[PDB]
Structures are given as structure tokens and as C-alpha cells.
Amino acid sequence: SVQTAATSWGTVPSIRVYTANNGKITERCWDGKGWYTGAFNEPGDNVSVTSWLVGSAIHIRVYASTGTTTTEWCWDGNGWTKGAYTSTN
């Protein structure tokens, strides 16, 4: 099966659902008006997510794994950027 991860914020709410399928992760988005495909598209076979609001600004962290490798991706209001996470050391 594909593998998903979901997060939400606020009371509208906004929702993001990440799906790993055949080695790629894609993103679907709800902001109160319908579902649309988001900008996030990166390699991975497994995905997890968390998020937090600072006032009205959302911060999202997506953990994309393949084999024994995990890469963190970061949204902080502009774009997706690889983060500093490593699984060890």
C-alpha cells in the first residue's frame, strides 16, 4: 500500500496529507475550499510529519525515508528546504 502522513493546524482547519508511492512523496492540501496538490515532491518510501504555528505562520517538518536514510524537509513560510536532521550522530 501507499503510506501516508497527515498534519493540521488552526480551526478552519488547514490539512496536509503526504503520500509515499513507488519511491516518491507527494502532497495534498486543504485550506477550507477544496483539495489541491501542493508543491512538495521529493523522493521517499516512508513519510512522517509534524507542524507548529508561531502566531499565524506555519512550520512543517516532513521526514522522508528510503532504506536506512532519512531526510528532513522544512517549510517555514517560503519553500521546501532540506533540514539539519540526521538519524544518528
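Sequential numbering from 1, following the sequence displayed.
Enquirer: On average, are the C-alpha B-factors higher in 52-60 or in 24-32?
Expert: According to the PDB entry, the answer is 52-60.
Enquirer: May I ask you to compare 64-72 and 13-21 by their mean CA B factor in the entry and name the higher one?
Expert: The deposited B-factors put 64-72 ahead on the C-alpha mean.
Enquirer: In terms of the chain's CA B-factor thirds, is residue 86 lowest, middle or highest?
Expert: Middle third - that is where residue 86 ends up once the chain's C-alpha B-factors are sorted.
Enquirer: Which third of the chain does residue 1 land in by C-alpha B-factor: lowest, middle or highest?
Expert: As the PDB entry reports it, the C-alpha B-factor of residue 1 lands in the highest third of its chain.
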